[PDB]
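A short worksheet on the structure shown next.
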Amino acid sequence: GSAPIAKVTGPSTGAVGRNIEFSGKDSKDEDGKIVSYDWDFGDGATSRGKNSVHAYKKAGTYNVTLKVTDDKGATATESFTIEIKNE
């Protein structure tokens with residue numbers, strides 16, 4: 001179709017205060033190039049980029065959302081749930 005499809009790659013679990021790496025690299029678009037990746041880590045922090053990093057300050061479950069936008073302004077979103085624990 002003409003819409004990009006967003007995919008979030010990351011770890012299902014992680015540690016308080018450690019950098020967690022996420023990626024949007026599996027996102028695809030058959031009708032354009034993906035030009036931007038916008039991240040919301042679910043604790044109020046945001047970032048951008050094909051890859052992103054965040055350290056959570058408190059243990060808990062968090063919903064991470066990625067929005068991809070392509071070269072014709074078309075967008076797609078996807079979510080990823082991570083459990084962060086005290087190690």
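Residues are named by chain letter and number: chains run A, B, ... in the order of the structure tokens, numbers start at 1 in each chain, and ligands are numbered from 1 in the order shown.
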
Worksheet item: Do you know which residues are at most 12 Å from residue 17 of chain A counting only C-alpha atoms, after dropping those on the same chain fewer than 6 positions away, and could you put them as a VMD selection string?
Response: chain A and resid 53 to 60 84 to 87

Worksheet item: Restricting the calculation to only C-alpha atoms, which member of A:75, A:47, A:12, A:52 is positioned closest to residue 35 of chain A?
Response: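 Closest to residue 35 of chain A of all the choices is A:75.
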
Fill in: residue 1 of chain A surroundings by only C-alpha atoms, 12 Å radius, close-in-sequence under 5 positions cut, as a PyMOL selection string
chain A and resi 28-32+74

Discussion item. Can you measure atom CA of residue 21 of chain A to atom CA of residue 81 of chain A for me? One decimal in Å is fine.
Written reply: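 Between atom CA of residue 21 of chain A and atom CA of residue 81 of chain A the gap works out to 13.3 Å.
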
Item to complete: Give me every strand (DSSP E) residue in chain A, going by DSSP on the backbone, as a count of residues only.
Response: 45

Worksheet entry | Spatial neighbours of residue 64 of chain A, 9 Å, only C-alpha atoms, chain gap at least 5 places, as JSON, numbers by chain | {"A": [8, 39, 40, 41, 42, 43, 78, 79, 80, 81, 82]}

Output file for the selection above: N, CA and C atoms, as a compact mmCIF listing (two decimals), in the first residue's frame:
```txt
# COMPACT_ATOMS: atom_id res chain seq x y z
N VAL A 8 9.15 -1.68 15.77
CA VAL A 8 10.02 -1.30 16.88
C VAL A 8 10.79 -2.56 17.30
N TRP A 39 10.35 9.02 18.59
CA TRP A 39 10.18 8.06 19.68
C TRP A 39 9.57 8.73 20.90
N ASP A 40 8.69 7.98 21.57
CA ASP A 40 8.17 8.36 22.90
C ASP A 40 8.39 7.15 23.79
N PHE A 41 9.12 7.34 24.90
CA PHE A 41 9.58 6.16 25.70
C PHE A 41 8.58 5.83 26.78
N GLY A 42 7.48 6.57 26.84
CA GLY A 42 6.36 6.26 27.75
C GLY A 42 6.51 6.82 29.16
N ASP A 43 7.63 7.38 29.50
CA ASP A 43 7.86 8.03 30.83
C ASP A 43 7.98 9.55 30.68
N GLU A 78 3.84 2.38 15.73
CA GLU A 78 3.77 1.08 16.36
C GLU A 78 4.25 1.21 17.81
N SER A 79 3.82 0.26 18.67
CA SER A 79 4.22 0.27 20.11
C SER A 79 5.05 -0.94 20.46
N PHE A 80 5.72 -0.82 21.61
CA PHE A 80 6.59 -1.89 22.13
C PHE A 80 6.48 -1.72 23.64
N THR A 81 6.28 -2.80 24.38
CA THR A 81 6.20 -2.74 25.85
C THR A 81 7.45 -3.36 26.45
N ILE A 82 8.05 -2.61 27.37
CA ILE A 82 9.31 -3.08 28.00
C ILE A 82 9.04 -3.10 29.54
```

Discussion item. At a cut-off of 6 Å, using only C-alpha atoms, what residues contact residue 67 of chain A? Leave out same-chain residues fewer than 6 positions from it and give the result as a ChimeraX atom specification.
Written reply: /A:37-38,76-77

Item to complete: Just give me the gap between atom CA of residue 23 of chain A and atom CA of residue 7 of chain A in Å, one decimal is fine.
Response: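 Between atom CA of residue 23 of chain A and atom CA of residue 7 of chain A the gap works out to 8.2 Å.
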
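Taking only C-alpha atoms into account, residue 72 of chain A lies nearest to A:36 out of the set A:14, A:27, A:36, A:20.
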
Worksheet item: Between A:4, A:65, A:24, A:73, which is the closest to residue 44 of chain A once you count only C-alpha atoms?
Response: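 Residue with the minimum atom-to-atom distance to residue 44 of chain A: A:65.
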
Item to complete: Calculate how many Å separate atom CA of residue 9 of chain A from atom CA of residue 26 of chain A, rounding to one decimal.
Response: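 Here the two named atoms are 7.5 Å from each other.
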
Fill in: Pick from A:18, A:5, A:34, A:13 nearest to residue 69 of chain A, counting only C-alpha atoms
A:34
